[PDB]
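From first to last, the protein sequence lines are chains A, B, C, D, E, F, G and H.
For the first sequence, my numbering gives the first residue as 1, with consecutive numbering after it.
For the second sequence, my numbering gives the first residue as 1001, with consecutive numbering after it.
For the third sequence, my numbering gives the first residue as 2001, with consecutive numbering after it.
For the fourth sequence, my numbering gives the first residue as 3001, with consecutive numbering after it.
For the fifth sequence, my numbering gives the first residue as 4001, with consecutive numbering after it.
For the sixth sequence, my numbering gives the first residue as 5001, with consecutive numbering after it.
For the seventh sequence, my numbering gives the first residue as 6001, with consecutive numbering after it.
For the eighth sequence, my numbering gives the first residue as 7001, with consecutive numbering after it.
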Amino acid sequence: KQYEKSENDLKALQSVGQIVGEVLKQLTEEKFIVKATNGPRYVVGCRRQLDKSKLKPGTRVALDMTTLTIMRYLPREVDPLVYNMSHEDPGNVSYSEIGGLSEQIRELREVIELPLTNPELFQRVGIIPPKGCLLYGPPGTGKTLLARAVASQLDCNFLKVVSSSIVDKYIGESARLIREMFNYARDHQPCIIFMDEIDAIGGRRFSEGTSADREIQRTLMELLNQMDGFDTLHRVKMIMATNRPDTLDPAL
Amino acid sequence: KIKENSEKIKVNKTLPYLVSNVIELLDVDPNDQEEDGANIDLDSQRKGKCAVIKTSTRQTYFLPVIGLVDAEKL
Amino acid sequence: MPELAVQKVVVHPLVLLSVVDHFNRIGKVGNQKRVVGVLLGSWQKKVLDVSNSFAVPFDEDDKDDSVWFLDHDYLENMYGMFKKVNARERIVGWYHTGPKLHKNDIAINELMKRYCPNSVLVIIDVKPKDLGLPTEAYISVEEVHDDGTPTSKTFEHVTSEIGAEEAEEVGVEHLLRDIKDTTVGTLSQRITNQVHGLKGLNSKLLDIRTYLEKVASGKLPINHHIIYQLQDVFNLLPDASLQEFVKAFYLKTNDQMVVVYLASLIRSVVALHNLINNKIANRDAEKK
Amino acid sequence: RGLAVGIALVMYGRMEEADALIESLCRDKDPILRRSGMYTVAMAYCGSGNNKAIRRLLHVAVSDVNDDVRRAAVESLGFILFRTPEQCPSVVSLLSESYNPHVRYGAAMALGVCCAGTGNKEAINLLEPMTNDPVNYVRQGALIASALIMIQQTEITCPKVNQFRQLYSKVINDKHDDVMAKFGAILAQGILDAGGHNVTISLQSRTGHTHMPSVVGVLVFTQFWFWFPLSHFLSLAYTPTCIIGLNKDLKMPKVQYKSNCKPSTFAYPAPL
Amino acid sequence: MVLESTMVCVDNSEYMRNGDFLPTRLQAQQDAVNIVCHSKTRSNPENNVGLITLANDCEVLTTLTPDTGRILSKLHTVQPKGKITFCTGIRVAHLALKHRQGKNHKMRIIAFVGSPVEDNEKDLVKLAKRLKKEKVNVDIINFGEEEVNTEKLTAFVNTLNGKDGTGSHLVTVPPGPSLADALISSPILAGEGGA
Amino acid sequence: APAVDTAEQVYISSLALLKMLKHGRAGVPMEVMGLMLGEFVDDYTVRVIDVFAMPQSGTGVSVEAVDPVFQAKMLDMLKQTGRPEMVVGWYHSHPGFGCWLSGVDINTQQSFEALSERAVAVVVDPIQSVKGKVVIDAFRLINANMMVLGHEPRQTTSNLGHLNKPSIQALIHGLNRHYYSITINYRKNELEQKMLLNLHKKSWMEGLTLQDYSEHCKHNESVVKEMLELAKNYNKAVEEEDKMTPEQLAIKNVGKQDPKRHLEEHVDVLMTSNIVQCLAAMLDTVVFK
Amino acid sequence: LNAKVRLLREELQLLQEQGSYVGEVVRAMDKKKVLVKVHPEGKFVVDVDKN
Amino acid sequence: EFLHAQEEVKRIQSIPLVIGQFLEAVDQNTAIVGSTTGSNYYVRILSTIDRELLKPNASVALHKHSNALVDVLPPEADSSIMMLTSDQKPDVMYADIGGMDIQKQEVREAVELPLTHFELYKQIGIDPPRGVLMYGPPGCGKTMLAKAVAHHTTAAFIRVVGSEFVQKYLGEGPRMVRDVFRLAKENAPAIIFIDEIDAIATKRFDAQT
């Protein structure tokens, strides 16, 4: 049993340190143009054996480090973080502990819960369900308790995301996580995505500030286009949570 | 025979060596993943359990993961 | 078993090479006898690319048809063995070693179908001849005869071409004391092609012609195909007609000449002076 | 290999019979036989040039890109053109341009043999680029060619003689050069100095017609590319040439002879 | 035998379906062909047997192997089409025998008869000269020409005997209930020089 | 360190070489191997008659890659052919690397060396190749010390040797440690050479063939139309082009995308095309009737 | 034409290299090493080839 | 022989290849490139390649063994993004933002009339538009006008998000801009639309980071 495990290790060492890439655009059947997840853009081949048809720009390929030929096909790109968000759906707090808020609770369902089962109900009206939910309130109310509490009771796929540390100073690395959650939800349809403390990403005019005021804006720009820009949601709903709607960008 | 193959592993186990984070754990079978067609058949996905690991040196590396390392933690 | 699944046949330089070698290798069994081998290659492809061949023992009588020996063991062991290395390559069929298509061939073919998943008849005309190709492709077709018995097994020709992988082409050049022959290329090659075409046409017409003499007297059958072909030639009556010329070629060289002269003018001073330097250069070199 | 060179050796001065042998050896499966065929014509023809022999060799080489033949044509020239010793550098000037290292090897070997006894200025310069080229055989052949012309000629005749020794030495001390070159260099040294410049290798004898042992000795010697004890054949090419007298009883008189030149300069000037 | 290449020729005739051997000739010959093979293997592991069919046109079924399995499977199948095509059986066998995976062994043909042999004296005599020159012997087990026919075969077998140390044999098996095995009468299980 | 060894000159047959290319291209990028069949003749020459492969595995060029099942199975069958051949050595391909052996690969070479010490490993490169002369090298493979001492050239005698560089200083160092490039000769002749020459007998039909007249007209039209576009630049070209400096000329008189090169190229296709089509139509007419 | 191919065999082995970089010279030192700053990688003090 | 010699060079020209981008030609023997790795190289140019199409900016291939300029790639190939929002177009037209007449007439004239037909605008005498800036209150809906025209053309609309230019992977960022712009030049005419430049490019940059 031990010998079998030992065997795969040699495969890496023969290729010398295998690297991930993606097919940018297909030049011809033999030659693809690959943009690397590691760095340089590459012109690549394919094994005789490995079919051309399988590779897609929506998905990832692997390359032999030393000759740059595609060894094989790899699955769709998803961030490590997003796998942890999907899992985080049962954080407990039942529907009993969030009561008294019940009138406001009914309003949240109309937006979030109804398009999952049937988008057909809003379709008969001849209207496309309203985009984005904003939860706001004075502190202690339980704006975050509510979003979280229903997600556990149904136990639907729910991405719970902390967005008050997702911005980093690492240019380009902050962008990817924010994109990935929208894309992912379209795939795992139906889904709900809730971002908590996105007051952080809520930006202002700034432009006399530190390096910290600068990173917030890139992320804030990205959200705008993703909602309404030329890209838009469907059955899947995106929920925001704030403390102040005043900290928010005027455009947002 | 285990010891000859592991010796190469031992040198990588010894210093210098990096820390990284796991982007995805694929964990597919060493048994047939699909019979590739085209010019010459065979399988090209003869990879065992695999992981796509991101180094902290802003490059991405593909790696076949061993079976001895517990699957659950990963 | 599959023979009908091939429209077009392509052969690597290897197969043409391999067959000549096998003939000797068996222990020099020939004359009346032939040598066969397996063809390994693709199938379930409209294009048949025969990858390799390896030697097989064989004794053939082609003057009789109730005796032949075919090695059973080799085919089977070879098909079983090969899957691990290449799952696509299977035994594609067998080559016959000339001089032409026989009815003697159906019999040998039948066995090959049973043993091997596929068969195909590639006929390589004898020991090395010709500038072009010597292989013809045939697939065994089942037809009705409206005068004899339905389900007869015969051979119908299919187009023969060549084709091979990149690495192999590169190998041919290294070994060889040129690269390839004519089929069409340069200005010289097109004209050769024309002369190549005439000697080639002439060969086809002899086959028909010798056959008619033999059918008329010596009583070889009268088939509708042979007669249909001959009649058409007289009927169509082609008439020579105008067109296809151009005069452009001269202007282009004239245009280039004026520029070529400006270059020679600058060149002249250096070229002229160099002549003296060379004779002296040889003395200096020898001295020091 | 043994049998192949041996077919060439037996001929000498019987021109016509060799024309038959060479074509047949060239057609064969064996590469070695192709090179031996050239030797066959070189010897049979050495006696007087003809057009026939050079013409035969020449067509095979141009036609094809085959290495083994291409060297053969150029090589074969020196032995046959021997009668007017200038000519071998004429044909070889066009052939030394060739990018094939084979041709380049064969160009140097040819120049070596023809010019050996009565030298040419043109022959010297042709050898220089072969030495330079980095391939192993071009270099060994070039260094041995240089020495052959230079035998029985003192190191004050021109500075080139001196230069040739320094080059040989450079290579043998070095490990940075090729093994094949170390053999050419040492051998080269060996030829130039042999018998302290009273032993010679020439195209013709001082009688006025061909000095058969010298001619024969060089060609059997040039192979060593595979198998190295082969180089020792060079001994037949080495022939002593010294003015010595004869007494009535067959012994050595200590008589004097006049010389037109100062005999002091020629007493081995400039050694290492 | 020790270092012999043997081709067993199988008879499959409309006289093999017969019930002269009890309960059926097919079965009784089936026990015989298996025995002959098990015996050679037990005798020498290096010994090999091959298969060709006498009946109809020539098919080379197996080239040289140790397998009893191949000869068994063929026997179950009957051929109403073809019986004993002797002249041809010898010729394919001689050719076949040459290429071997037990190389530089002696050359032997065992043919089972079990149908009247169609072939006349002119074929038979002709065949004997080809056999001498190639130096291959043929053995006949004769229950096929006592059943309603006179034995043509004996003269041919006698002449063939003594061309080497593994000579020919005429093995006599009755026609009526006695099976296709009465192998006791003359050697064939392994080679012997006598008749 | 002193030992009295001889080098193996590898004589590869035409049949054998071509198969080695075939296998190596196919294996890409994953490294694959196989055994060599041949004969041992003279006192150093191992000749490769033919080659077969051991399986394609991602565990390739290893002891494991070697299959006992293939080897036995072939050898019984080979006895029948009237050629049971010796295993002179083993070939492998690296299309992930050059002529520098891998770390597994050195052990694998050693196992072959135990069986027959006239064993070599030949490296076949088809996309890690820098030469179209077929980048192949031969190694017997002997230890490091032998190079360091300078013993290794004493053992090789009866060699010429050679050195090439597919991939930098690292490869050179790997090569030197081994046994460097030991000489490869080829056993070839004119019959084998003629087989490789071929293309199409179909040239017979094609030399005579000519197309529909409407097509002859399409070609003539397309070219004359094309020639008009380039013509306007051509005027400038002949008036000027005092410059001889390729970079300056390119900007000045549209020297790069030159009207001379292309217009000539165009007159030449049109002329040749019209001649062969026209010439064939007329030839056929006379002859068939 | 012969010259073009002659040149060609040498180029393949020559080209085999660890790459190139582009920088600028801030200052030279008297000893003939030059302090240059490579634009993507660090600053280096390194010598000139005068061939 | 020249052909067989050319074949030497054909084998080196193969994979592995890494893509650089050709800054300029000094000569037809040496040139300067700045590669996608995130490093620039001054490297040698071999034989059997064109510098005719490669003299102005284009993609180029280097061999990873040599780390020098072996081969060439077209200026068209290695385009980071070609199209988006013309095969992803919204179905929104001028009749779902039925009002704002002054605004509707301006967008239509600037964006639609040069894509559909460059000749007519130029014919009049007045230049066809080059750079468009769009300003106003945010509550009007600039993106929506952009949508209507995106639907109507159904070709030559390149949608690029300003965050998508910046990148974690090394050296891609300044390069990413070269690849998309260079493609607009080749498939002329085409419009490049940047949604918000008001949160990617800022008035204050601190440049300590």
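Ideal placement from N, C-alpha and C gives every residue a C-beta, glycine not left out.
When you compare each of H/7012, H/7195, H/7004 and H/7053 to residue 7133 of chain H by their alpha carbons, which one comes out closest? The option with the nearest alpha carbon to residue 7133 of chain H is H/7195.
What number of angstroms, rounded off, separates the C-alpha of residue 190 of chain A from the C-alpha of residue 127 of chain A? Rounded to whole angstroms, residue 190 of chain A to residue 127 of chain A spans 19 Å at the Cα level.
Mark residue 7192 of chain H as exposed unless 16 or more other C-beta atoms lie within 10 angstroms of its C-beta, in which case mark it buried. By the neighbour-count rule (16 or more Cβ atoms within 10 Å), residue 7192 of chain H is not buried but exposed.
Endpoints, the beta strand (DSSP E) within which residue 2121 of chain C is located: Residue 2121 of chain C -> beta strand (DSSP E) spans 2121-2124.
Where residue 2300 of chain C meets chain F, residues with beta-carbon distance less than 8 Å: Outside the displayed range of chain C (2001 to 2288) lies residue 2300 of chain C, so it cannot be described from this structure.
Could you tell me if residue 2241 of chain C is buried or exposed, where buried requires 16 or more neighbouring beta carbons within 10 angstroms of its beta carbon? Counting the other Cβ atoms within 10 Å of the Cβ of residue 2241 of chain C gives fewer than 16, which makes it exposed.
Within 8 Å (strictly less), CB to CB, does residue 7044 of chain H reach chain F? No, no contact with chain F.
For residue 7276 of chain H, the nearest candidate out of F/5041, F/5131 and F/5109 (CA to CA): Outside the modelled stretch of chain H, which goes from 7001 to 7209, sits residue 7276 of chain H, for which no answer is possible.
How about residue 2196 of chain C and residue 5273 of chain F: are their beta carbons less than 8 Å apart? Their beta carbons are not under 8 Å apart, which means residue 2196 of chain C does not touch residue 5273 of chain F by this criterion.
Does residue 3066 of chain D pass the burial test, meaning 16 or more other C-beta atoms within 10 Å, or should it be called exposed? By the neighbour-count criterion, in which a residue is buried when 16 or more other Cβ atoms sit within 10 angstroms of its Cβ, residue 3066 of chain D is buried.
Assuming residue 5127 of chain F and residue 5028 of chain F make a contact with CB atoms under 8 Å, what is their CB distance in whole Å? For a cut-off of 8 Å, the C-beta gap from residue 5127 of chain F to residue 5028 of chain F is around 6 Å, short enough to register as a contact.
For residue 2164 of chain C and chain B, any beta-carbon pair shorter than 8 Å? Not closer than 8 Å to any Cβ of chain B, the Cβ of residue 2164 of chain C fails to qualify, so no.
Would DSSP call residue 4137 of chain E helix, strand or coil? If DSSP states are grouped into helix, strand and coil, residue 4137 of chain E belongs with the strands.
Mind checking if residue 7039 of chain H is an interface residue toward chain F, Cβ cutoff 8 Å exclusive? The C-beta of residue 7039 of chain H comes no closer than 8 Å to any C-beta of chain F.
Taking the alpha-carbon positions, what's the residue 183 of chain A to residue 5090 of chain F distance? Roughly 52 Å between the two C-alpha positions.
Just the C-alpha distance for residue 7060 of chain H and residue 7008 of chain H, rounded to the nearest angstrom, thanks. Those two C-alpha atoms are separated by around 20 Å.
Should residue 7017 of chain H and residue 7063 of chain H be called a contact, given that it needs their Cβ atoms to be closer than 8 Å? Going by C-beta atoms, residue 7017 of chain H is nearer than 8 Å to residue 7063 of chain H.
Minimum Cβ-Cβ distance from residue 1063 of chain B to chain F less than 8 Å: No - not a single Cβ of chain F is within 8 Å of the one on residue 1063 of chain B.
Can you tell me the Cα-Cα spacing of residue 7019 of chain H and residue 2031 of chain C, whole angstroms? When rounded, the distance between both Cα atoms is 60 Å.
Across the stretch 5163-5171 of chain F and the stretch 2092-2109 of chain C, are there enough close Cβ pairs to call them in contact, namely three or more that are closer than 8 Å? Segment contact: the stretch 5163-5171 of chain F against the stretch 2092-2109 of chain C, fewer than three CB-CB distances shorter than 8 Å; contact not assigned.
Would you call the CB atoms of residue 3040 of chain D and residue 3080 of chain D closer than 8 Å? Cβ atoms of residue 3040 of chain D and residue 3080 of chain D: not closer than 8 Å.
Alpha helix (DSSP H) segments (min. 4 residues) lying fully within the stretch 3041-3075 of chain D: Counting only runs of 4 or more, we get 3052-3063.
Below-8 Å beta-carbon distance, residue 4068 of chain E vs any chain C residue: Against chain C, the CB of residue 4068 of chain E has no partner CB under 8 Å away; the residue lies outside that interface.
Taking 8 Å as the CB-CB limit, is residue 6042 of chain G close to chain H? For residue 6042 of chain G, the answer is no, since every Cβ of chain H falls outside 8 Å of its Cβ.
Chain B within 8 Å of residue 2282 of chain C, Cβ atoms only: The beta carbon of residue 2282 of chain C sits no closer than 8 Å to any beta carbon of chain B.
Mind checking the stretch 2065-2098 of chain C against chain B and listing, in chain order, the residues whose C-beta falls within less than 7 Å of any C-beta there? Residues 2086, 2087 and 2088.
In the DSSP output, which residue or residues are listed as bridge partners for residue 2090 of chain C? Paired residues: C/2041.
If residue 3184 of chain D sits next to residue 3140 of chain D, beta carbons under 8 Å apart, how far is it from one beta carbon to the other, in whole angstroms? At roughly 3 Å, the Cβ-Cβ gap stays under 8 Å, so residue 3184 of chain D and residue 3140 of chain D are in contact.
Among C/2132, C/2158 and C/2142, whose alpha-carbon lies nearest the alpha-carbon of residue 5207 of chain F? Looking only at C/2132, C/2158 and C/2142, the smallest Cα-Cα distance to residue 5207 of chain F is reached by C/2132.
Grab me the residues of residue 7165 of chain H's own chain with a C-beta within less than 7 Å of its C-beta, minus the 5 sequence neighbours each way, in chain order. 7173, 7176 and 7177.
C-alpha gap between residue 1049 of chain B and residue 1067 of chain B, whole angstroms: Approximately 8 Å between the Cα atoms of the pair.
Roughly how many angstroms separate the alpha carbons of residue 7185 of chain H and residue 7034 of chain H, rounded to a whole number? Those two C-alpha atoms are separated by around 20 Å.
Can you check whether the C-beta of residue 7067 of chain H is within less than 8 Å of a C-beta belonging to chain G? Closer than 8 Å to some Cβ of chain G, the Cβ of residue 7067 of chain H qualifies, so yes.
Run through chain C and tell me which residues come within less than 8 Å of residue 4118 of chain E, C-beta to C-beta. The contacting residues do not exist; residue 4118 of chain E stays about 14 Å from chain C at best.
Which of the residues in the stretch 3078-3107 of chain D, read from start to end, lie with their CB under 7 Å from any CB of chain G? Listed by position along the chain: 3097, 3098 and 3099.
Hey, out of D/3265, D/3266, D/3245 and D/3241, whose CA is closest to residue 3256 of chain D's CA? For residue 3256 of chain D, the closest alpha carbon among the candidates D/3265, D/3266, D/3245 and D/3241 is that of D/3245.
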